[PDB]
Amino acid sequence: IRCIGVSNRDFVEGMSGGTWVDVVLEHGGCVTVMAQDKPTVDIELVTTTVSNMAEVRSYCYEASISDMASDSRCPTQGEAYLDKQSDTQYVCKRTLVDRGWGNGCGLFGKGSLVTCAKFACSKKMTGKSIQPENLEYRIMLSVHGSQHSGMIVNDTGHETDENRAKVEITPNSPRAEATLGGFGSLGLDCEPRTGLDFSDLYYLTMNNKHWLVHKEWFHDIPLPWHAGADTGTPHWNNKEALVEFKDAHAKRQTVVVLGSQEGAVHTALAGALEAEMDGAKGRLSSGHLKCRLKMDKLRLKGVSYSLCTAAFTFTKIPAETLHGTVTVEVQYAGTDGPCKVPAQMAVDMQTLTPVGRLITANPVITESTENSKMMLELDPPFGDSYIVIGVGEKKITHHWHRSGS
Amino acid sequence: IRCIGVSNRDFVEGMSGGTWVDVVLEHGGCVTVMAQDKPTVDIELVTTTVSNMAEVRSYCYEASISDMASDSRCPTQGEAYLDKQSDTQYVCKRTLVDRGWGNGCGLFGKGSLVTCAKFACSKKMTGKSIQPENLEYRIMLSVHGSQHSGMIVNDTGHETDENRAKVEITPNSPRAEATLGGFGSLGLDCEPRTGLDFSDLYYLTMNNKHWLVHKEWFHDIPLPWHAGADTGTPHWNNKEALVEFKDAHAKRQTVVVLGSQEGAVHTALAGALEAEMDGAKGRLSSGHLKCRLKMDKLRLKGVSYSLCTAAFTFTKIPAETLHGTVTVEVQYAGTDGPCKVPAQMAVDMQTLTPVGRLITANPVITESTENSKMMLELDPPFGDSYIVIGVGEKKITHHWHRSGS
Amino acid sequence: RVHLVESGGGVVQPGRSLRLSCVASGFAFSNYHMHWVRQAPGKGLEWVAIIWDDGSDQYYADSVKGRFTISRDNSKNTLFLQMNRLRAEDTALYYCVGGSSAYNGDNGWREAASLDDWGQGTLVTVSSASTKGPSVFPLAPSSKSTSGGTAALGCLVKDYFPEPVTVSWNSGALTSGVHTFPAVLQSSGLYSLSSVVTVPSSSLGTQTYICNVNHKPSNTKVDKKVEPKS
Amino acid sequence: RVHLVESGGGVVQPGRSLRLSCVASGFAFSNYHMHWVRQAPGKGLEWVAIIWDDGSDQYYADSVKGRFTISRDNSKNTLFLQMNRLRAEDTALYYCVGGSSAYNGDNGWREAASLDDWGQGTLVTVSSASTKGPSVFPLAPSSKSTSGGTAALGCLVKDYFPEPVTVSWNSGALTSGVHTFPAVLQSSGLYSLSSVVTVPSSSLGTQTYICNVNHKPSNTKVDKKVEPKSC
Amino acid sequence: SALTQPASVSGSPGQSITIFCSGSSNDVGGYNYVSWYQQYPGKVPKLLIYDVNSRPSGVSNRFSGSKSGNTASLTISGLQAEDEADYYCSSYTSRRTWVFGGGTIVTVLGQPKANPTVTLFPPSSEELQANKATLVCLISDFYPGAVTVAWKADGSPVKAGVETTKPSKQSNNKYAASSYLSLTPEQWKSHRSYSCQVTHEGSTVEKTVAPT
Amino acid sequence: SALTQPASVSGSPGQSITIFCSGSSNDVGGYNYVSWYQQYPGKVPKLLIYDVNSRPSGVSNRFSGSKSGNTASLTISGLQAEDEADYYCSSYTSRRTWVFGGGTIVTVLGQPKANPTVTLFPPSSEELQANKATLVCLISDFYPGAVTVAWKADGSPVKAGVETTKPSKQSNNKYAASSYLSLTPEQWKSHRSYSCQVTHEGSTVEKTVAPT
């Protein structure tokens, strides 16, 4: 079952009837749900995805030029004109230049000079819009009471359901009920608005790297840009951002592009969010969610099982998690299942006074055959204790010490 | 002759004997040297070239990675080890990561994880040293004497000399004398140290674009770097400048490179000088020089030629230069050369009182045939004047007005 | 134990779009880097794209940059390749392949996972022509092969488009001695194929023969029978 | 009116260096972009590199990036191509060509100057073998062609390396009826060539014929003679 | 984009043969990640070598992988008929991509000549009912793959409706080929019989069938 | 990197023929700077067309230059024998570079047959004195360029020292070829005569010379 590895794990217990329980789901964190007379289940938000993201504007962060040309006119011989100063893809600059007898002109003074080149964008970054309608949340559920291989590994258990289940949530459909076969079902009313406002944020992509940025900063960027995308060939406005004109030759200037601004953008960006895009749909990691579970239709596997009377053995020795709980995997050699597993923690082996609670509510061996494996989770009390599993002489006990640190 | 087009033109007159006169030669500027009974000559520093420049240090301003790999060890199961964490070309990071039953490990806690990738530099900039031994200055000289096509055009016959001559100067050989055939010779004692101190400057090259930068700024660049030249494949120090490590998976991190820092450098670079490189040798434009001319062996073509008695005509109408001097092109149809050209400026046509000086020392028609071409330069006095050329009735006069505003 | 099955191939209009799928079974899909590699008929192999085990990164060849998109769902053991703005150059057999991303053995992780397991591959034909259904005819054994030692009998699949077709025998319970010949590109442009089984002349009245033809492009699936000629 | 002459070609060891030169005459060199374009024997043309009229910029093909370097001296009307780290792949005829950069006509300036004027080109052979001098032998007219109308006579150039050789006649004062045949690649690896002139049988004892052979790689320049024979 | 592999390599049985795989410092010379795959005609390629010199479980030790500088080599020692097939090399790239070579076809010399087996099939009654008729001539199990085909209409050649595949290699190193004759039932009935005759290294096999 | 030009184009005299020159949006489709050059065999290339459709002074108006999308076309109208030659297209690039095409060879159909003129020369006395001997057979002015050569030692074949050039086109659209026979003076004297015989379109010319 999920969560037992998770570090940001929240323990929550309901009441006796309960029916409803409030939870807080969050990326990188899980919620373990315990309840009196109800099976303990683990819930976790796995992904927060955006779809149908429409582009808005694209900026060019690396470009190059080609086909340089210039046209010059002597003093008092009218303005110069080059063919391509009306071409939307060419960038040009008009200027005056010193002319004399040396460079052909009959007089000395200022003459006209126009210089054009062809702008072409090698690498551009793209900004896209985020309307909260196109939001999808994936919430995964798993059930305490089955095996070990089905941990966070073997995430292929939805096809048999029972233990593991998925639910998908939308801001326009926050309700969702999830069936768990012989365990009943669970309803989920999840209020998403508490997450984060998307009315002033853009999804930025650049060289298969993604961010979330504020609108005003995006609009002010000093680079060539187009709306998009790209209607075959784009028309870049403000080509002078990356291009400039040097020199003052008799018959030409020199056009020159600025270096790739990829590093400059990367720099003034780390103070923002990150995202992925698998696939053609953005996947956020910076999320948040407040949900409400409806547990009336949740239930144990409805049999008063005859207790497991045969012998258990520890396959893996118990291990302390980061929260103090004890995990225990057991192999059972009996054939009297599906039986109720007798397991507790004793501070005294004579009276077997039940100290501490169980996290896996009512352990039951799913199979009826022998040599089956099952994992249980316990919440030990501070100090010394003994982990007792079984009945009679065929019970195994492991000494435990919970420092509580 | 040069300079007449040049805007940053300095007129300098010596004494009567003089022998030596100090001048300041500078890129984009000329010096006109006039003297009594000496031919007027134009001097200009055209290029300042550096050769044999030894590399010092190269910085990598755009890079990429490849062959990512990771190795992990369970809690208390020793440190992790990857093959290539000893390879000088790979960049690696060791770290601890959360491990539990979910991700294979028998216990919960920190486990070891090392992640390596192969650093490869796509684009690097190179800084080179400048020792004054490897310095070359090209100084061009021309003589006011005849022609017009030999302006800034037809720099082809300069090795046939007479009028045009080149000299090359080195800090290890600052003395240089230049012969001008029938005009004599000119000595040049040029002190280069006053030009520009090159003891705190590096020649920076980056993507076929070049600069001169201050040493301390070059040493401070925060990029991967290596000292020297190639050694086949380089060993980059401080690869972590462009590389960083994200994620904290059970079995790996993620390596990521920063964008090309070319734009950031371009930005924090414009506040320095610029240069070109034609070819495999640096060519500077930001220069300066103080020279001392030795004119004892300079002289007119030593004959008092019988004056040109035939008629001249103006091909080009006279033109005002940027400094107020007058250029005049004349065609001569007589065959009594090489003759002395009679030309002056008169404020009164009765007395022909010679007002204003001539810039072209002793105009002489070089050729003996007819229909020869010659250019003269005059320094007119303020107000009205008349440009008189010729003798008798077959002389042509052009009205001129130098407002001086 | 390791099965990869492709799907989606067929005819597609030039300059259009198609989604190719690859289902996996019998191994931990979440640990294998997955590649698409294509091969034009009778040409060399061409690597198309890679996606890592977790989908963190994807990498494409220059020939399909910005046109194809590789992705995967690990919770389904499924791999998708979305090909957009297609061309005739992209007409080829597309193999979905997988290399395991583990080096030291549950300790290491490696990007250059090599190309271990290959699927059968699906054919993508980019033609403006339409799909044509095949005609299935039987070919009975000779009228002088009932009396002898051995005899030949077969199935003819006339005029279909496009490739490929597949032929089994007795629902797929007979492959010893079967020869499915390569098809012929007719001058008209349609393909035509034959598949012949050799049998002993003894078991003609005893054994019955049914060739199972399938041409999924046109979705035809005729299963003709062959009985001696009367 | 526009002359371009190449120089520097010859044999070069693999993985070495060679400097190719191109002299210009009869036009304003300072206004022409200059290109190097090479062609392997019996192959298509391959553009190598450009340098602009003023040397502001240079641009090279991907095949020679970081290996070749183009430059020019305008005060000499000369163009240099420095080839370093050579390979057999670079064995080809290198044409030095030049396009004028004037567009509008003393008004415009143009980068894409096109390829107007082409030079003869010089051959660069990248082989480890040495240069071998040729042997010049005469080929007299037949023993039954002295008495008649017309007869053929020629020169044989045996066993040389590498290409090319050149043959004139009477110091270059005879080309009407001259046929210089293409050389033959012998199994040994040396080239061999012939050059034959047809003449009228009348002027056999009167007119004299001297074939002028030159193989500048080896610096050979034998000028053999061929006279009629009644034998 | 391409790794320069030889086109064909020929060796006699028993000999050792070597196959190119030349690249750049950014693929072969940059890593030890070059692999070799064997593809039999009409089958899925199979990984023979990976990481330059290592071979996977269940691969004959006759295949060895070397690499020097920017050129990797595959050596097949002890040549057998089983090795007649296509061989590709692949490599990781400094561009985080993979790249295959042109491919080399390995053919084993000195193989015994095999005579063609020809199966002729007349038009089925179904095809006759559909207004067309197709005679099927199937050549199989011959070597080398150089077969001439000829159709006779109880004498004379036949040109209309003659379609013939190119030789196609099959699993047992032999070759196969198909030839269909598409005629109308009128031509079929007018002539008394039809003969598919296949020439292969001088010898000409013949097969005849009639309306009967 | 390469412009895809066709390999050969064939037309009868008078006809108009068209030649590819396909590229990308970054060379042909990106600019109007594609040129066309004509190269005669063994001569300097000549500019026929520049800037797509413009021709320089002194070029026949029979050459026209079109361009559409990413593909430029050269049209030769009114085909003549003079147009038999190599034709290349070139183009400016978005990389500030130039690029040529593979080249197309234009051959004019229906040309009248030309019979070869063959001159044989025996080894000179100088060559004999130099310990070697070479018989020179020179074929010239024939069409088409398909000549077989054979050497006879006053009968019988000859195998030693037979070297023969490939056909080479000459200025007048005809072809020429050389063939040298390298013998020792002992072989020269032992046989009584020597015959160079050249076959060309059925007819085979012979030329003989002896020590005599």
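In its metadata, the entry names X-ray crystallography as the structure determination method and reports 3.38 Å as the resolution.

**Student:** Whenever I open this one, the pairing of strand 15 (residues 166-169) of chain C confuses me. Can you help?
**Tutor:** The side chains of a regular strand alternate, residue by residue, between the two faces of the sheet. All names here are of chain C. Side-chain alternation along strand 15 places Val167 and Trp169 on a buried face and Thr166 and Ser168 on a face that remains uncovered. In this sheet, strand 19 (residues 209-214) lies alongside strand 15 in antiparallel orientation, the contact comprising four bridges. Opposite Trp169, over in strand 19, you have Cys211 as the bridge partner.

**Student:** Honestly, the domain arrangement of chain E in this entry has me stumped. Any pointers?
**Tutor:** Interfaces are often sized by the accessible area lost when the parts come together. Split into domains, chain E comes out as domain 1 (8-108) and domain 2 (117-209). For domain 1 of chain E versus domain 2 of chain E, the separation of C-alpha centres amounts to 40 Å.

**Student:** Explain the interface of chain D and chain B here, please?
**Tutor:** In this assembly, six residues from chain D lie in contact with six residues from chain B. It is D:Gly55, D:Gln58 and D:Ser75 that lose the most area in chain D upon contact with chain B, and together they represent 55% of the buried surface on that side. At the boundary of chain D and chain B, one finds zero salt bridges. Along the contact surface separating chain D from chain B lie zero residue pairs in polar contact. Grouping the amino acids of the side of chain D that touches chain B by side-chain chemistry returns one nonpolar, four polar and one charged.

**Student:** Would you mind going over the interface of chain F and chain D with me for this structure?
**Tutor:** With 37 residues of chain F at the contact, the number on the chain D side is 45 residues. Counting the surface lost from both chain F and chain D, the interface buries some 3400 Å², and carbon and sulfur atoms represent 63% of this. Ranking the residues of chain F by area buried against chain D places F:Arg96, F:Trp98 and F:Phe121 at the top, with a combined share of 20%. Along the contact surface separating chain F from chain D lie six salt bridges.

**Student:** For this particular structure, what's the right way to read the state of the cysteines?
**Tutor:** Structurally, a disulfide amounts to a covalent bond that connects the sulfur atoms of two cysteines. All names here are of chain D. In this structure the tally under the stated criterion is 20 disulfides over all chains. At a sulfur-sulfur separation of 2.0 Å, the disulfide partner of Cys155 is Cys211. Linking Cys155 and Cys211, the disulfide has an S-S dihedral of approximately -90° and is accordingly described as left-handed. Of this pair, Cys155 sits in strand 14 (residues 150-160) while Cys211 sits in strand 19 (residues 209-214), placing them 56 residues apart in sequence.

Reading the values: rules and limits
Residues numbered from 1 in each chain as written, not as in the entry; some residues may be left out. Chains lettered and ligands numbered in written order. Heavy atoms only, no water. Buried < 20%, exposed > 50% of the residue type's maximum accessible area, 1.4 Å probe, protein only. Helix = DSSP H or I, 4+ residues; strand = E, 2+ residues; numbered from the N terminus. Pairing = 2+ DSSP bridges. Domains from an automatic or database assignment. Contact = heavy atoms within 4.5 Å. Buried area = accessible area lost by both parts, 1.4 Å probe. Salt bridge = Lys/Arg side-chain N within 4 Å of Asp/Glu carboxyl O. Polar contact = N/O pair within 3.5 Å; in protein donor to acceptor, adjacent residues only side chain to side chain. Nonpolar A, V, L, I, M, F, W, Y, C, P; charged D, E, K, R; others polar. Disulfide = S-S within 2.5 Å.

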